[PDB]
Amino acid sequence: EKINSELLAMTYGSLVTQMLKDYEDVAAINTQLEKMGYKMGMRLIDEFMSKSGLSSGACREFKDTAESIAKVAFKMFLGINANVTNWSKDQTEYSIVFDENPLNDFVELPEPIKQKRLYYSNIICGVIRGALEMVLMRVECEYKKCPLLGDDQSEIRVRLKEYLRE
Amino acid sequence: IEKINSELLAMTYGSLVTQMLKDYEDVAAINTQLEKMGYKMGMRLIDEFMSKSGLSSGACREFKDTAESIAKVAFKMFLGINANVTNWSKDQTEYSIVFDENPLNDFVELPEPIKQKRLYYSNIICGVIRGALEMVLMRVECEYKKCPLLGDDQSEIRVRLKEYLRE
Ligand SMILES: *C(=O)CCCCCCCCCCCCCCC
Ligand SMILES: *C(=O)CCCCCCCCCCCCCCC
């Protein structure tokens, strides 16, 4: 709902504001926002699985995670419609692109923060990594494009590092 | 609202409190900054609440009216919490909002020295109340008095009217 989405956006906005006071190094902020999401995603995967109706085999292959994240997870948690593009030939990498992001609403980065490329929503990358670890996939996930930095759309890259064994 | 969105909000807020708790020696300042974050949010949120709640401007004429509006409508709409009003003052300028469950508190355990320092983990709620009511021209003071994370039997938030404001 819009009001709960506004409330989440403002809460996360308070977090990023706090990080900008507590850290002088934007790279450090990016790293900690991602580590914060990582812990969340390990806990969020259970809510996603139950409320999505997906089975374990919907998560057997790395290739399958693109549609689940872009078409289900993004709508469920952020109300965003995302698309999958830029597949690698070996299908170990894909990009998730989207033109809207409720966390970005009413946000304006000061010029030095833009030039140093803060990824305001970097927490999303951590959530993906932590969630996918729980279905036994170790991935790297990083932002490449964000309209707050003057880019034409948002793009997040997801790369498979290894399949895990329990 | 829905569990997955409420869990997601609880975890995002939890990362905020966790980041602030690095400043472990001035817990009072943490309480205050959490309130100021809520204060700014509540000024921005009040208009949306009025719209989704269907309340008119005259629904907010008297301070006594805010108690049911916050405890019974806002708390359900924003946190999924059912709350109750108690401990009215004789002149109806003070009431408390009491509740036994709080989704922001889920799976949270404060270390013993933080409990002794009386962190109010959910203090952002007090600021939301203060900022929202300012927009309907009430200057209020709103503080936590009891929280189960500190060993209390329930949550209690005190709301006190300081003055009716002028446009
Ligand atoms: C099998 O393929 C499992 C799918 C993994 C679900 C991933 C959920 C992540 C969605 C992004 C949520 C970002 C929330 C940010 C909060 C501030
Ligand atoms: C007229 O007097 C109407 C009363 C104003 C209602 C204000 C709504 C308060 C919202 C409380 C919930 C705080 C949410 C905390 C988010 C982390």
# chains A, B, ... in the order shown; residues from 1 in each chain; ligands from 1
>>> interface_residues(of="chain A", to="chain B", cutoff="8 Å", atoms="only C-alpha atoms", output="mmCIF file with C-alpha atoms, in the first residue's frame")
data_model
loop_
_atom_site.group_PDB
_atom_site.id
_atom_site.type_symbol
_atom_site.label_atom_id
_atom_site.label_comp_id
_atom_site.auth_asym_id
_atom_site.auth_seq_id
_atom_site.Cartn_x
_atom_site.Cartn_y
_atom_site.Cartn_z
ATOM 1 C CA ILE A 3 1.218 4.746 2.875
ATOM 2 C CA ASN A 4 3.166 1.709 4.094
ATOM 3 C CA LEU A 7 6.628 4.782 5.641
ATOM 4 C CA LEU A 8 9.257 2.247 4.575
ATOM 5 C CA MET A 10 11.076 7.372 4.997
ATOM 6 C CA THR A 11 12.486 4.864 7.494
ATOM 7 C CA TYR A 12 15.192 3.722 5.060
ATOM 8 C CA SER A 14 16.496 7.987 7.932
ATOM 9 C CA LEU A 15 19.024 5.119 7.867
ATOM 10 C CA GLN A 18 22.386 8.434 9.643
ATOM 11 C CA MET A 36 22.717 -4.733 6.397
ATOM 12 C CA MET A 40 17.700 -9.091 6.201
ATOM 13 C CA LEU A 44 13.167 -12.458 4.397
ATOM 14 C CA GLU A 47 8.275 -14.715 3.988
ATOM 15 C CA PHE A 48 8.922 -14.639 0.247
ATOM 16 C CA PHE A 77 8.300 -5.941 -1.375
#
>>> residues_around(residues="residue A:46", least_positions_apart="4", cutoff="10 Å", atoms="only C-alpha atoms", output="number ranges by chain")
A: 41-42, 50-52, 131, 134; B: 4
>>> residues_near_ligand(ligand="ligand 1", cutoff="6 Å", atoms="only C-alpha atoms and all ligand atoms", output="ChimeraX atom specification")
/A:12,45,58-59,65,68-69,73-74,77,123-124,127-128,131-132 /B:12
>>> write_last_selection(atoms="N, CA, C and O atoms", output="PDB file, in the first residue's frame")
ATOM      1  N   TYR A  12      13.926   3.966   5.736  1.00  0.00           N
ATOM      2  CA  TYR A  12      15.192   3.722   5.060  1.00  0.00           C
ATOM      3  C   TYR A  12      15.922   5.032   4.799  1.00  0.00           C
ATOM      4  O   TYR A  12      17.146   5.104   4.956  1.00  0.00           O
ATOM      5  N   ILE A  45      13.673 -14.517   3.170  1.00  0.00           N
ATOM      6  CA  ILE A  45      13.430 -15.560   2.174  1.00  0.00           C
ATOM      7  C   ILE A  45      12.217 -16.394   2.574  1.00  0.00           C
ATOM      8  O   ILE A  45      11.430 -16.831   1.723  1.00  0.00           O
ATOM      9  N   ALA A  58      11.761 -24.108  -7.765  1.00  0.00           N
ATOM     10  CA  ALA A  58      11.728 -22.805  -8.412  1.00  0.00           C
ATOM     11  C   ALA A  58      13.054 -22.096  -8.213  1.00  0.00           C
ATOM     12  O   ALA A  58      13.269 -21.003  -8.760  1.00  0.00           O
ATOM     13  N   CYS A  59      13.893 -22.669  -7.350  1.00  0.00           N
ATOM     14  CA  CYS A  59      15.188 -22.150  -6.952  1.00  0.00           C
ATOM     15  C   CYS A  59      16.266 -23.216  -7.139  1.00  0.00           C
ATOM     16  O   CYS A  59      17.235 -23.266  -6.383  1.00  0.00           O
ATOM     17  N   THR A  65      16.450 -17.625 -10.831  1.00  0.00           N
ATOM     18  CA  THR A  65      16.289 -16.556  -9.858  1.00  0.00           C
ATOM     19  C   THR A  65      15.933 -15.222 -10.504  1.00  0.00           C
ATOM     20  O   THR A  65      15.387 -14.348  -9.824  1.00  0.00           O
ATOM     21  N   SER A  68      12.061 -14.810 -10.680  1.00  0.00           N
ATOM     22  CA  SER A  68      11.483 -14.774  -9.339  1.00  0.00           C
ATOM     23  C   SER A  68      11.739 -13.438  -8.659  1.00  0.00           C
ATOM     24  O   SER A  68      10.856 -12.898  -7.989  1.00  0.00           O
ATOM     25  N   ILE A  69      12.949 -12.897  -8.805  1.00  0.00           N
ATOM     26  CA  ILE A  69      13.294 -11.631  -8.167  1.00  0.00           C
ATOM     27  C   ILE A  69      12.641 -10.465  -8.895  1.00  0.00           C
ATOM     28  O   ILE A  69      12.001  -9.611  -8.278  1.00  0.00           O
ATOM     29  N   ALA A  73       9.448 -10.938  -6.454  1.00  0.00           N
ATOM     30  CA  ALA A  73      10.000 -10.335  -5.246  1.00  0.00           C
ATOM     31  C   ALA A  73       9.924  -8.808  -5.290  1.00  0.00           C
ATOM     32  O   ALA A  73       9.548  -8.163  -4.304  1.00  0.00           O
ATOM     33  N   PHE A  74      10.316  -8.208  -6.417  1.00  0.00           N
ATOM     34  CA  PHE A  74      10.302  -6.753  -6.523  1.00  0.00           C
ATOM     35  C   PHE A  74       8.894  -6.175  -6.397  1.00  0.00           C
ATOM     36  O   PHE A  74       8.711  -5.102  -5.810  1.00  0.00           O
ATOM     37  N   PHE A  77       7.664  -6.697  -2.442  1.00  0.00           N
ATOM     38  CA  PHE A  77       8.300  -5.941  -1.375  1.00  0.00           C
ATOM     39  C   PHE A  77       8.400  -4.452  -1.660  1.00  0.00           C
ATOM     40  O   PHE A  77       8.419  -3.657  -0.715  1.00  0.00           O
ATOM     41  N   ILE A 123      21.139  -1.451  -0.148  1.00  0.00           N
ATOM     42  CA  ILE A 123      20.592  -2.498   0.709  1.00  0.00           C
ATOM     43  C   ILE A 123      19.940  -3.607  -0.107  1.00  0.00           C
ATOM     44  O   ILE A 123      19.988  -4.786   0.283  1.00  0.00           O
ATOM     45  N   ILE A 124      19.381  -3.264  -1.273  1.00  0.00           N
ATOM     46  CA  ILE A 124      18.718  -4.263  -2.111  1.00  0.00           C
ATOM     47  C   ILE A 124      19.705  -5.347  -2.531  1.00  0.00           C
ATOM     48  O   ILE A 124      19.368  -6.533  -2.564  1.00  0.00           O
ATOM     49  N   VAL A 127      20.096  -7.816   0.301  1.00  0.00           N
ATOM     50  CA  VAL A 127      18.927  -8.680   0.451  1.00  0.00           C
ATOM     51  C   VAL A 127      18.955  -9.824  -0.548  1.00  0.00           C
ATOM     52  O   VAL A 127      18.577 -10.956  -0.225  1.00  0.00           O
ATOM     53  N   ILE A 128      19.345  -9.531  -1.786  1.00  0.00           N
ATOM     54  CA  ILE A 128      19.415 -10.564  -2.813  1.00  0.00           C
ATOM     55  C   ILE A 128      20.461 -11.605  -2.446  1.00  0.00           C
ATOM     56  O   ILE A 128      20.226 -12.815  -2.567  1.00  0.00           O
ATOM     57  N   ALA A 131      19.269 -13.589   0.655  1.00  0.00           N
ATOM     58  CA  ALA A 131      18.161 -14.481   0.343  1.00  0.00           C
ATOM     59  C   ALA A 131      18.651 -15.664  -0.466  1.00  0.00           C
ATOM     60  O   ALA A 131      18.316 -16.809  -0.156  1.00  0.00           O
ATOM     61  N   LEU A 132      19.479 -15.412  -1.490  1.00  0.00           N
ATOM     62  CA  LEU A 132      19.901 -16.512  -2.359  1.00  0.00           C
ATOM     63  C   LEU A 132      20.840 -17.480  -1.648  1.00  0.00           C
ATOM     64  O   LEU A 132      20.886 -18.666  -2.004  1.00  0.00           O
TER      65      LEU A 132
ATOM     66  N   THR B  12      14.364  -2.964   8.602  1.00  0.00           N
ATOM     67  CA  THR B  12      15.020  -1.730   8.197  1.00  0.00           C
ATOM     68  C   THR B  12      15.217  -0.812   9.398  1.00  0.00           C
ATOM     69  O   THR B  12      16.310  -0.281   9.611  1.00  0.00           O
TER      70      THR B  12
END
>>> residues_around(residues="residue A:29", least_positions_apart="6", cutoff="8 Å", atoms="only C-alpha atoms", output="list in words")
residues 19, 20, 23 and 118 of chain A
>>> write_last_selection(atoms="C-alpha atoms", output="PDB file, in the first residue's frame")
ATOM      1  CA  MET A  19      25.078   6.654   7.597  1.00  0.00           C
ATOM      2  CA  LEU A  20      26.032   9.925   5.889  1.00  0.00           C
ATOM      3  CA  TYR A  23      30.761   7.699   7.795  1.00  0.00           C
ATOM      4  CA  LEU A 118      26.766   6.517  -3.429  1.00  0.00           C
TER       5      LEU A 118
END
>>> residues_near_ligand(ligand="ligand 2", cutoff="6 Å", atoms="only C-alpha atoms and all ligand atoms", output="MDAnalysis selection string")
chainID B and resid 46 59:60 66 69:70 74:75 78 125 128:129 132:133
>>> residues_around(residues="residue A:80", least_positions_apart="6", cutoff="10 Å", atoms="only C-alpha atoms", output="list in words")
residues 70, 71, 72, 73, 74, 98, 99, 100, 101 and 102 of chain A
>>> select_by_dssp(residues="chain A", states="strand (DSSP E)", output="PyMOL selection string")
chain A and resi 83-85+93-98+137-145+154-163
>>> write_last_selection(atoms="N, CA and C atoms", output="tab-separated table (two decimals), in the first residue's frame")
chain	number	residue	atom	x	y	z
A	83	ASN	N	12.57	-5.91	-15.03
A	83	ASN	CA	12.82	-6.76	-16.17
A	83	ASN	C	14.22	-7.34	-16.07
A	84	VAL	N	14.42	-8.46	-16.76
A	84	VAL	CA	15.72	-9.13	-16.82
A	84	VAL	C	16.33	-8.89	-18.19
A	85	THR	N	17.60	-8.51	-18.22
A	85	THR	CA	18.33	-8.25	-19.46
A	85	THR	C	19.80	-8.59	-19.25
A	93	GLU	N	25.43	-14.68	-15.07
A	93	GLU	CA	25.22	-13.27	-14.77
A	93	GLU	C	23.99	-12.77	-15.50
A	94	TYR	N	23.23	-11.93	-14.81
A	94	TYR	CA	22.13	-11.22	-15.43
A	94	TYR	C	21.98	-9.88	-14.74
A	95	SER	N	21.23	-8.99	-15.40
A	95	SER	CA	20.90	-7.69	-14.84
A	95	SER	C	19.39	-7.57	-14.63
A	96	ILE	N	19.03	-6.84	-13.58
A	96	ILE	CA	17.65	-6.49	-13.24
A	96	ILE	C	17.52	-4.99	-13.44
A	97	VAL	N	16.70	-4.57	-14.41
A	97	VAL	CA	16.53	-3.16	-14.73
A	97	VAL	C	15.11	-2.73	-14.41
A	98	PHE	N	14.97	-1.50	-13.90
A	98	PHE	CA	13.67	-0.94	-13.53
A	98	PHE	C	13.74	0.59	-13.55
A	137	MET	N	22.81	-20.77	-2.97
A	137	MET	CA	23.53	-20.10	-4.05
A	137	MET	C	24.30	-18.94	-3.45
A	138	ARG	N	25.62	-18.97	-3.62
A	138	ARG	CA	26.48	-17.86	-3.23
A	138	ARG	C	26.64	-16.93	-4.44
A	139	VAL	N	26.14	-15.70	-4.31
A	139	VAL	CA	26.14	-14.75	-5.41
A	139	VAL	C	26.83	-13.45	-4.99
A	140	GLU	N	27.28	-12.72	-5.99
A	140	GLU	CA	27.70	-11.34	-5.86
A	140	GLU	C	26.67	-10.47	-6.56
A	141	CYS	N	26.31	-9.37	-5.93
A	141	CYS	CA	25.23	-8.53	-6.42
A	141	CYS	C	25.61	-7.06	-6.21
A	142	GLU	N	25.71	-6.30	-7.30
A	142	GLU	CA	26.10	-4.90	-7.18
A	142	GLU	C	25.32	-4.01	-8.14
A	143	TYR	N	25.12	-2.76	-7.70
A	143	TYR	CA	24.47	-1.73	-8.49
A	143	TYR	C	25.39	-1.24	-9.60
A	144	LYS	N	24.81	-1.02	-10.76
A	144	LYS	CA	25.54	-0.42	-11.86
A	144	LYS	C	24.96	0.91	-12.31
A	145	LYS	N	23.65	1.08	-12.25
A	145	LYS	CA	23.03	2.32	-12.71
A	145	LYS	C	21.93	2.71	-11.74
A	154	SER	N	17.48	2.28	-13.37
A	154	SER	CA	18.20	1.50	-12.38
A	154	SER	C	18.64	0.17	-12.98
A	155	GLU	N	19.85	-0.25	-12.63
A	155	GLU	CA	20.33	-1.58	-13.00
A	155	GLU	C	21.13	-2.20	-11.87
A	156	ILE	N	20.77	-3.43	-11.50
A	156	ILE	CA	21.46	-4.24	-10.50
A	156	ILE	C	21.98	-5.53	-11.15
A	157	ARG	N	23.26	-5.83	-10.95
A	157	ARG	CA	23.92	-7.00	-11.53
A	157	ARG	C	23.97	-8.15	-10.50
A	158	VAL	N	23.64	-9.37	-10.94
A	158	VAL	CA	23.68	-10.55	-10.06
A	158	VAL	C	24.58	-11.60	-10.71
A	159	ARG	N	25.61	-12.05	-9.97
A	159	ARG	CA	26.57	-13.00	-10.52
A	159	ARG	C	26.71	-14.22	-9.61
A	160	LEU	N	26.60	-15.41	-10.19
A	160	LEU	CA	26.75	-16.65	-9.45
A	160	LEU	C	28.22	-16.97	-9.18
A	161	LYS	N	28.56	-17.20	-7.91
A	161	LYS	CA	29.91	-17.58	-7.50
A	161	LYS	C	30.04	-19.09	-7.29
A	162	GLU	N	29.08	-19.72	-6.60
A	162	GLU	CA	29.09	-21.18	-6.43
A	162	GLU	C	27.73	-21.66	-5.93
A	163	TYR	N	27.39	-22.90	-6.29
A	163	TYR	CA	26.27	-23.59	-5.67
A	163	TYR	C	26.74	-24.21	-4.36
>>> residues_around(residues="residue B:94", least_positions_apart="5", cutoff="12 Å", atoms="only C-alpha atoms", output="PyMOL selection string")
chain B and resi 63-67+85-89+140-143+157-162
>>> atom_distance(atom1="atom CA of residue B:148", atom2="atom CA of residue B:24")
20.1 Å
>>> closest_residue(among="B:27, B:144, B:136, B:151", to="residue B:57", atoms="only C-alpha atoms")
B:136
>>> closest_residue(among="A:38, A:33, A:129, A:136", to="residue A:17", atoms="only C-alpha atoms")
A:33
>>> atom_distance(atom1="atom CA of residue A:107", atom2="atom CA of residue B:23")
26.5 Å
>>> residues_around(residues="residue B:115", least_positions_apart="5", cutoff="10 Å", atoms="only C-alpha atoms", output="PyMOL selection string")
chain B and resi 27+109-110+120-121+149-151
>>> select_by_dssp(residues="stretch 4-167 of chain B", states="alpha helix (DSSP H)", output="PyMOL selection string")
chain B and resi 4-20+27-53+63-68+75-79+112-116+124-135
>>> write_last_selection(atoms="C-alpha atoms", output="PDB file, in the first residue's frame")
ATOM      1  CA  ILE B   4       5.970  -9.278   4.956  1.00  0.00           C
ATOM      2  CA  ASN B   5       5.863  -5.483   4.649  1.00  0.00           C
ATOM      3  CA  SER B   6       5.711  -5.076   8.444  1.00  0.00           C
ATOM      4  CA  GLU B   7       8.625  -7.505   8.885  1.00  0.00           C
ATOM      5  CA  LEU B   8      10.585  -5.614   6.235  1.00  0.00           C
ATOM      6  CA  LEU B   9       9.909  -2.298   8.015  1.00  0.00           C
ATOM      7  CA  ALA B  10      10.885  -3.819  11.379  1.00  0.00           C
ATOM      8  CA  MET B  11      14.199  -5.024   9.917  1.00  0.00           C
ATOM      9  CA  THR B  12      15.020  -1.730   8.197  1.00  0.00           C
ATOM     10  CA  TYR B  13      14.265   0.168  11.417  1.00  0.00           C
ATOM     11  CA  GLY B  14      16.267  -2.445  13.328  1.00  0.00           C
ATOM     12  CA  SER B  15      19.311  -1.772  11.144  1.00  0.00           C
ATOM     13  CA  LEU B  16      18.923   1.931  11.993  1.00  0.00           C
ATOM     14  CA  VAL B  17      18.813   1.373  15.776  1.00  0.00           C
ATOM     15  CA  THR B  18      21.691  -1.109  15.479  1.00  0.00           C
ATOM     16  CA  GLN B  19      23.786   1.448  13.618  1.00  0.00           C
ATOM     17  CA  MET B  20      23.037   4.096  16.253  1.00  0.00           C
ATOM     18  CA  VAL B  27      21.752   6.274  24.858  1.00  0.00           C
ATOM     19  CA  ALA B  28      19.735   9.370  25.728  1.00  0.00           C
ATOM     20  CA  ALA B  29      20.947  11.057  22.542  1.00  0.00           C
ATOM     21  CA  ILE B  30      19.894   7.929  20.650  1.00  0.00           C
ATOM     22  CA  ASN B  31      16.394   8.195  22.104  1.00  0.00           C
ATOM     23  CA  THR B  32      16.292  11.874  21.096  1.00  0.00           C
ATOM     24  CA  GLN B  33      17.489  11.318  17.518  1.00  0.00           C
ATOM     25  CA  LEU B  34      14.949   8.525  17.029  1.00  0.00           C
ATOM     26  CA  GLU B  35      12.228  10.938  18.129  1.00  0.00           C
ATOM     27  CA  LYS B  36      13.448  13.656  15.755  1.00  0.00           C
ATOM     28  CA  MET B  37      13.402  11.169  12.879  1.00  0.00           C
ATOM     29  CA  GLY B  38       9.793  10.359  13.751  1.00  0.00           C
ATOM     30  CA  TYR B  39       8.990  14.030  14.204  1.00  0.00           C
ATOM     31  CA  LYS B  40      10.020  14.777  10.619  1.00  0.00           C
ATOM     32  CA  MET B  41       8.156  11.706   9.351  1.00  0.00           C
ATOM     33  CA  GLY B  42       4.934  12.545  11.168  1.00  0.00           C
ATOM     34  CA  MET B  43       4.724  16.025   9.666  1.00  0.00           C
ATOM     35  CA  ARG B  44       5.000  14.451   6.207  1.00  0.00           C
ATOM     36  CA  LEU B  45       2.693  11.519   6.926  1.00  0.00           C
ATOM     37  CA  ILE B  46      -0.347  13.216   8.522  1.00  0.00           C
ATOM     38  CA  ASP B  47      -1.998  14.221   5.251  1.00  0.00           C
ATOM     39  CA  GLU B  48      -1.848  10.671   3.909  1.00  0.00           C
ATOM     40  CA  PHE B  49      -3.318   9.353   7.174  1.00  0.00           C
ATOM     41  CA  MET B  50      -6.252  11.759   6.976  1.00  0.00           C
ATOM     42  CA  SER B  51      -6.943  10.580   3.425  1.00  0.00           C
ATOM     43  CA  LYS B  52      -6.806   6.846   4.050  1.00  0.00           C
ATOM     44  CA  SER B  53      -8.648   7.168   7.387  1.00  0.00           C
ATOM     45  CA  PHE B  63      -6.821  16.959  21.999  1.00  0.00           C
ATOM     46  CA  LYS B  64      -9.014  14.367  23.720  1.00  0.00           C
ATOM     47  CA  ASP B  65     -10.116  13.211  20.240  1.00  0.00           C
ATOM     48  CA  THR B  66      -6.570  12.294  19.211  1.00  0.00           C
ATOM     49  CA  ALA B  67      -6.450   9.353  21.623  1.00  0.00           C
ATOM     50  CA  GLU B  68      -8.919   7.092  19.792  1.00  0.00           C
ATOM     51  CA  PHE B  75      -1.651   2.135  15.086  1.00  0.00           C
ATOM     52  CA  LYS B  76      -3.583  -0.464  13.085  1.00  0.00           C
ATOM     53  CA  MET B  77      -2.956   1.279   9.758  1.00  0.00           C
ATOM     54  CA  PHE B  78       0.805   1.801  10.220  1.00  0.00           C
ATOM     55  CA  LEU B  79       1.994  -0.972  12.572  1.00  0.00           C
ATOM     56  CA  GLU B 112      21.958  -5.811  29.822  1.00  0.00           C
ATOM     57  CA  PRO B 113      23.859  -2.456  29.896  1.00  0.00           C
ATOM     58  CA  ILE B 114      21.565  -1.087  27.172  1.00  0.00           C
ATOM     59  CA  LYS B 115      18.495  -2.064  29.229  1.00  0.00           C
ATOM     60  CA  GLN B 116      19.943  -0.356  32.305  1.00  0.00           C
ATOM     61  CA  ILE B 124      10.481   6.935  16.547  1.00  0.00           C
ATOM     62  CA  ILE B 125       6.774   6.414  17.377  1.00  0.00           C
ATOM     63  CA  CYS B 126       6.751   9.347  19.796  1.00  0.00           C
ATOM     64  CA  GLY B 127       8.151  11.696  17.157  1.00  0.00           C
ATOM     65  CA  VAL B 128       5.578  10.604  14.587  1.00  0.00           C
ATOM     66  CA  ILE B 129       2.838  11.480  17.099  1.00  0.00           C
ATOM     67  CA  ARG B 130       4.348  14.874  17.919  1.00  0.00           C
ATOM     68  CA  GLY B 131       4.941  15.844  14.299  1.00  0.00           C
ATOM     69  CA  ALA B 132       1.537  14.669  13.142  1.00  0.00           C
ATOM     70  CA  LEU B 133      -0.368  16.523  15.865  1.00  0.00           C
ATOM     71  CA  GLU B 134       1.575  19.726  15.188  1.00  0.00           C
ATOM     72  CA  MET B 135       0.061  19.709  11.719  1.00  0.00           C
TER      73      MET B 135
END
>>> atom_distance(atom1="atom CA of residue A:25", atom2="atom CA of residue A:37")
18.8 Å
>>> decode(residues="stretch 132-154 of chain A", atoms="N, CA and C atoms", output="mmCIF file, in the first residue's frame")
data_model
loop_
_atom_site.group_PDB
_atom_site.id
_atom_site.type_symbol
_atom_site.label_atom_id
_atom_site.label_comp_id
_atom_site.auth_asym_id
_atom_site.auth_seq_id
_atom_site.Cartn_x
_atom_site.Cartn_y
_atom_site.Cartn_z
ATOM 1 N N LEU A 132 19.479 -15.412 -1.490
ATOM 2 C CA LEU A 132 19.901 -16.512 -2.359
ATOM 3 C C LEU A 132 20.840 -17.480 -1.648
ATOM 4 N N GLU A 133 21.594 -17.010 -0.648
ATOM 5 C CA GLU A 133 22.395 -17.945 0.128
ATOM 6 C C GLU A 133 21.505 -18.991 0.785
ATOM 7 N N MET A 134 20.301 -18.592 1.200
ATOM 8 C CA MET A 134 19.388 -19.503 1.874
ATOM 9 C C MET A 134 18.826 -20.576 0.952
ATOM 10 N N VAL A 135 18.843 -20.369 -0.367
ATOM 11 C CA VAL A 135 18.548 -21.454 -1.307
ATOM 12 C C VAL A 135 19.838 -21.967 -1.929
ATOM 13 N N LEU A 136 20.946 -21.885 -1.170
ATOM 14 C CA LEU A 136 22.197 -22.592 -1.469
ATOM 15 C C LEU A 136 22.894 -22.070 -2.729
ATOM 16 N N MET A 137 22.810 -20.766 -2.968
ATOM 17 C CA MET A 137 23.525 -20.099 -4.053
ATOM 18 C C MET A 137 24.304 -18.945 -3.447
ATOM 19 N N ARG A 138 25.623 -18.966 -3.622
ATOM 20 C CA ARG A 138 26.479 -17.860 -3.234
ATOM 21 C C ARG A 138 26.640 -16.930 -4.437
ATOM 22 N N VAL A 139 26.141 -15.698 -4.312
ATOM 23 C CA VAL A 139 26.145 -14.748 -5.414
ATOM 24 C C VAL A 139 26.833 -13.455 -4.988
ATOM 25 N N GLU A 140 27.285 -12.716 -5.991
ATOM 26 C CA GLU A 140 27.703 -11.335 -5.856
ATOM 27 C C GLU A 140 26.665 -10.474 -6.564
ATOM 28 N N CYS A 141 26.305 -9.373 -5.933
ATOM 29 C CA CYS A 141 25.231 -8.528 -6.417
ATOM 30 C C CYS A 141 25.606 -7.062 -6.210
ATOM 31 N N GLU A 142 25.714 -6.296 -7.299
ATOM 32 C CA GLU A 142 26.096 -4.896 -7.176
ATOM 33 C C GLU A 142 25.318 -4.012 -8.141
ATOM 34 N N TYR A 143 25.120 -2.764 -7.699
ATOM 35 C CA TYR A 143 24.471 -1.729 -8.495
ATOM 36 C C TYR A 143 25.386 -1.242 -9.604
ATOM 37 N N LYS A 144 24.808 -1.016 -10.764
ATOM 38 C CA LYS A 144 25.543 -0.417 -11.862
ATOM 39 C C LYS A 144 24.964 0.910 -12.308
ATOM 40 N N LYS A 145 23.647 1.081 -12.251
ATOM 41 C CA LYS A 145 23.030 2.316 -12.707
ATOM 42 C C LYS A 145 21.932 2.711 -11.741
ATOM 43 N N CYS A 146 21.844 4.019 -11.448
ATOM 44 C CA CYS A 146 20.801 4.568 -10.556
ATOM 45 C C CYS A 146 20.459 5.966 -11.040
ATOM 46 N N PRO A 147 19.174 6.255 -11.264
ATOM 47 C CA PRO A 147 18.794 7.589 -11.753
ATOM 48 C C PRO A 147 19.160 8.720 -10.804
ATOM 49 N N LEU A 148 19.299 8.457 -9.506
ATOM 50 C CA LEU A 148 19.774 9.508 -8.612
ATOM 51 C C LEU A 148 21.172 9.968 -8.988
ATOM 52 N N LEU A 149 21.921 9.159 -9.732
ATOM 53 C CA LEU A 149 23.239 9.563 -10.201
ATOM 54 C C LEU A 149 23.205 10.061 -11.644
ATOM 55 N N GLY A 150 22.013 10.318 -12.178
ATOM 56 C CA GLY A 150 21.851 10.815 -13.526
ATOM 57 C C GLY A 150 21.705 9.743 -14.585
ATOM 58 N N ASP A 151 21.605 8.474 -14.193
ATOM 59 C CA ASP A 151 21.442 7.388 -15.148
ATOM 60 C C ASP A 151 19.997 7.326 -15.629
ATOM 61 N N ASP A 152 19.809 6.703 -16.793
ATOM 62 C CA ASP A 152 18.484 6.655 -17.404
ATOM 63 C C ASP A 152 17.559 5.650 -16.722
ATOM 64 N N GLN A 153 18.091 4.688 -15.985
ATOM 65 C CA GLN A 153 17.252 3.735 -15.276
ATOM 66 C C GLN A 153 18.094 3.144 -14.161
ATOM 67 N N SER A 154 17.476 2.280 -13.368
ATOM 68 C CA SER A 154 18.196 1.496 -12.379
ATOM 69 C C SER A 154 18.638 0.173 -12.975
#
